[PDB]
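For reference, the structure discussed in these notes is given below.
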Amino acid sequence: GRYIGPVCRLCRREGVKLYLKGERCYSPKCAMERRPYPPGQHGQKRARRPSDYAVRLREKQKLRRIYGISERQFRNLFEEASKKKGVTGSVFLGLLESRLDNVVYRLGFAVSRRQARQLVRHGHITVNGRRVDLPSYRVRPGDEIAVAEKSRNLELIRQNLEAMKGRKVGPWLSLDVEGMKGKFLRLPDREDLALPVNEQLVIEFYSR
Amino acid sequence: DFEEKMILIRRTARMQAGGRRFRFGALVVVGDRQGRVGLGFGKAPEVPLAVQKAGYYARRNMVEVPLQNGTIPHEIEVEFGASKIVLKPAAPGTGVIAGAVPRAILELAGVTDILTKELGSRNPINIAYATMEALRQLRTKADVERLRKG
Amino acid sequence: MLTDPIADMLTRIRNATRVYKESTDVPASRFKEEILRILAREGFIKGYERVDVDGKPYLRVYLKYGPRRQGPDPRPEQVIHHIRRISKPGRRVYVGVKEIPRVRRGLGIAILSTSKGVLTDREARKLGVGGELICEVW
Amino acid sequence: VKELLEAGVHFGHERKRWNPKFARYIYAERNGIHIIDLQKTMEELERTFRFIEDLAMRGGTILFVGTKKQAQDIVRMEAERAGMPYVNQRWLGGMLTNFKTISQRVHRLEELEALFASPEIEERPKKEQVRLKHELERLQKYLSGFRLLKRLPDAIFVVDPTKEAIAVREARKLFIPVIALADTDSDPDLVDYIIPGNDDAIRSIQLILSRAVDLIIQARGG
RNA sequence: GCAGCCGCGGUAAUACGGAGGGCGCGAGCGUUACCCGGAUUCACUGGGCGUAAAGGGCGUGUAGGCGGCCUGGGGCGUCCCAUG
RNA sequence: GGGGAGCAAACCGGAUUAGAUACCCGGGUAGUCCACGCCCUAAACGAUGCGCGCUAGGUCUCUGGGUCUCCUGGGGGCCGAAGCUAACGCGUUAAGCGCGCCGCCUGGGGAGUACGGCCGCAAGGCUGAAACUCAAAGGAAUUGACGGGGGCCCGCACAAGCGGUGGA
Ligand SMILES: [Zn+2]
């Protein structure tokens, strides 16, 4: 059970916009537009001061839910990130942003993160030449993450790239829309990320 | 400017004939995320009021804190009669590692990664008080040179 | 009986500063002399001269303090906050060079006694030796 | 001005009730009395007076306080003679830690002074009359000098420090300089600028302040 | 009836039982049992003994532990190098 | 084994009391005194192991040396710097800053018991658990109430007084 249930509800739990559905979470409706209160029968109620724990918590989740990844991997990552020489936080987002499924999203070969998954599990994705269905896969720098010849004439993908002529790609990424390709340049830097989170809290959380 | 943070509040009892007239206790931490951190013990008959009181107190007992790349320039253990506190500097990426109280105090000190540990009696009050005289002691490589000169 | 010399010394030192005396006496002895030798060159104290008290040899260790504080209790920061014997008698502690300790993120100092003589952690390491780690002081 | 070797005045004061720390400041015992090394006192003065001069010409204020019975009348005099605030009668707990709360009493004096000049005097109860008349009386006792305090003083000239340790304690915590005509019984460790000297002797306090206030004046230029 | 602990329940239960809702985790989640941990609560790191539990009712001295200043020999402990 | 004035467990009576196998009164044996031998515990208490060095003084006092209206050594007290302590408190007679070395503690109750061994003439003692069971037991201080504790002060509260109810 890798989640998959009511979504732009979490956009609502956190109180920060969670780009979980893409188009639409741009139309007046990631719900945060016009209904910022959290879910539940008590959403509209005055909220008490959140224990240190609470914030440390809620902020872990914010990270997590964005990438939509079962705690088990998420925590695993964070573990693998503690073992690397670096800033225990920045490196976290490192692998976090290096997952095949994410890449595709940033490459624009998909409306949303979720969508990207399917694209991967269904195998519409080339990676340095061969297809790949395992999203959790880690895209090394200098890999041609692309689309299967087979998938190119797709009503979805097509309509997506059409949009790309008009949006810059992440600074650590390249792509040749014309040929529907794209390369992973180098691990993105914290300064390069946009995310409305505070790693520090996340780290701080994993020491309880 | 200054960010008020609430350590804790307790309600106390003073006795009298036929009643237990109460009294409220507030503890606040105040600072810049730069390096000045106040700390007050505000007592009053009404909480919002005690809080408001503690506020005043803290803004006065501030402590300039040396700040090498986010951490504390050198370890230190400080006994506060009861509670003792270990303060130990660490590398970026390690994040504050203490509890409620010392966090609250360090957090506002702008301390970013650091290694705590509470020992002996774990009395918020004291612990806090300790984490203060704790910080108050820290001295820079510079500050020390200046100290043994001539 | 006087069971540990150095120990006494350190304590006379410690015990004097705390009350704020200018200088304090102390039984002389080549060794004790080499420790005081360090302190002053390390700057924890002014210095020390050999002396005779009613016929006996003594070492006048001259104390060093900080400036007069402001506000209440203008008791000057002490140049020597901390000072304790590490290796005591009946629990002697010798260290290997690898094992030499870094003191107060290297703000304090450590003094051992190597076969190449009485030294500072820094010196020792620069010197590639180890020995009886006499004391912490910062 | 600078003043002689007028030893015909503060040679020594207290028996053996002294304060060890005061050791540096004494010459010897004679008939069971500590006698203050004057050659030294001179070295102190040369400093203490150096300080005040700095204050005076810099245009600061110095609060004179001495509650001792002897100095009583002389405090009043000297401060009066100087452009200064003094505490003659009694020292109130907080004329510095709690200045703002005290200054409010001043205002009371200010506000009562008025009514004892306006028409609204007898015109209104006579029970209150006295009830107010009294309030003035008392105010014009304690705050008689304290009135000149617009804000906190740049320094405190204390007479007998160990007696006023409160007033010192205060100053000490607000970072305000402390000057004192101290002797055997004091703890020099807390006087920013001391002046080792006999004090119960009217001739002592009378001289120490004279030359002190004289100095203050010649410093401002009048 | 709940319950790890403090406790909750005698007609107004955020603590029982159901429901709506919510949090957490997901082919899993709970429970029990056992290890280390928190516990510097056996304390080498890193504890104590006036009243909190703790000085032996006192002395005597056996084994043992511990020991003053200067100079030299030996170098066992101890430190450094190489090597297996 | 000797001794025995006074005192006095137990025990005999007396009064007190709802009762008194007690507190009060009168008697009284062991015992209490001595010698020899055993017992060996204790609020055997500074409730504070022994020894050495170091850290402001003031004052009272025992005692010794000195050129003795002051100095200097040793002991017993009270107040007190720095410091320490949970706090009371401690403070050169350390509960301060240090080294040596010994002893002892490790939740309460169950237990100073059980079991085992040692010792003793016996009474007993030394050593000394656990099962079970409880979430405390515990120190010092605070504010209160309270004391058949204290000091002081009030009210037709008592006294002093007049007049009444309780009877019909
Ligand atoms: Zn949405």
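Points to keep in mind about this one:
- Here the simple spin-label model places points 7 Å from the Cα toward Cβ, and for C:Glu49 and D:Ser118 these points are separated by 7.6 nm.
- Placing a label point 7 Å from the Cα of D:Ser103 along the Cα-to-Cβ line, the residues of the stretch D:152-182 whose backbone N sits under 14 Å from it are D:152-154.
- Chain B, dipole about Cα centre (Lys/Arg Cβ +1, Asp/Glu Cβ -1), debye to the nearest 20: 660 debye
- Footprinting exposure proxy ranking of A:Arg190, C:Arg18, A:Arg49, B:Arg139, fewest other C-beta atoms within 10 angstrom first, gives A:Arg49, C:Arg18, A:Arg190, B:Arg139.
- When chain A is reduced to its Cα atoms, the Kirkwood hydrodynamic radius in Å: 18.3 Å
- When the C-alpha to C-alpha distance is required to be over 29 Å, the pairs from B:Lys117/D:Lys21; D:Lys69/D:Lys126; C:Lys21/D:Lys173 that qualify are B:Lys117/D:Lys21; D:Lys69/D:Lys126.
- Expressed as a whole percent, the proportion of Cα-Cα pairs in chain D lying more than 29 Å apart is 32%.
- Cβ crowding within 10 Å, taken as a proxy for footprinting-reagent exposure, orders D:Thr67, B:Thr71, B:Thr140, B:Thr12 from fewest neighbours to most as B:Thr12, B:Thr140, D:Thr67, B:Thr71.
- Net charge of the neighbourhood of A:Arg34, taken over other residues with C-beta under 13 Å away and scored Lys/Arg +1, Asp/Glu -1, is +3.
- Note on A:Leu154 and A:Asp133: the extension gain reaches 5.8 nm, defined as 0.36 nm multiplied by sequence separation minus the Cα-Cα distance.
- Annotation: the stretch B:65-139 has a Kirkwood hydrodynamic radius of 11.9 angstrom, from the mean reciprocal C-alpha pair distance.
- Relative frequency of Cα-Cα separations exceeding 24 Å in chain C, percent: 33 percent
- Taking one quarter of the surface of the C-alpha convex hull of chain B gives a mean projected area of 10.8 nm².
- Going from the fewest other Cβ atoms within 10 Å to the most, the residues A:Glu97, B:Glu77 appear in the order B:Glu77, A:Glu97.
- Residues of the stretch D:182-222 with amide N under 17 Å of a point placed 7 Å along Cα→Cβ from D:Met57: D:212-222
- Selection among C:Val26, C:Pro74, C:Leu39 by position relative to the dipole of the stretch C:3-80 gives C:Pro74 as farthest towards the positive end (Cβ unit charges, Cα centre).
- Alpha carbon centroid spacing (whole Å) that separates the stretch C:76-123 from the stretch D:145-222: 48 Å
- Label-to-label distance, A:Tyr19 versus A:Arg121, with points set 7 angstrom from Cα along the beta-carbon direction: 2.3 nm.
- Where the Cα pairs of the stretch A:102-208 fall when distances are cut into 5 Å bins, in %: 2, 11, 22, 23, 18, 11, 6, 4, 2, 1, 0
- For the protein assembly as shown: Kirkwood Rh in Å [reciprocal of mean 1/r, alpha carbons]: 33.1 Å
- Using the Cβ-Cβ distance between A:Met164 and B:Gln34 with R0 set to 56 Å, the FRET efficiency from 1/(1 + (r/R0)^6) comes to roughly 0.80.
- In this simple spin-label approximation, D:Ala7 and C:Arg68 carry label points 7 Å from Cα along the Cα→Cβ vector, and these lie 2.7 nm apart.
- Taking 0.36 nm per residue of sequence separation and removing the Cα-Cα distance, the A:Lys29/A:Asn76 pair yields an extension gain of 13.6 nm.
- Filtered trypsin sites (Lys or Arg not before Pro), the stretch C:39-94: DSSP coil and at most 11 other beta carbons within 10 Å: C:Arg68, C:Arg69, C:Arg92
- Taking only the C-alpha atoms of the stretch C:3-80, the Rg (one decimal) and the largest Cα-Cα distance, Dmax (whole number), read 13.4, 45 Å.
- Computed E for C:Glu132/B:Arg122 - FRET, C-beta separation, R0 35 angstrom, nearest 0.05: 0.35
- Angle of helix B:47-58 to the longest C-alpha principal axis of chain B, folded into 0 to 90 degrees and rounded to 10: 30°.
- Remark: for residue pairs B:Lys43/D:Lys150; B:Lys149/C:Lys98; B:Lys5/B:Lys43; A:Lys62/A:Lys84; D:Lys68/D:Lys150, the C-alpha separation exceeds 27 Å in B:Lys43/D:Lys150; B:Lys149/C:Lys98.
- Largest-first ellipsoid semi-axes for the stretch B:8-84, taking √(5λ) over the Cα gyration tensor eigenvalues, angstrom: 33, 16, 8
Positions of Cβ are generated from backbone atoms using ideal geometry, with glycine treated the same way; all protein chains shown enter the neighbour counts. Laboratory data are not the source of any read-out in this text; all were calculated from the coordinates shown.
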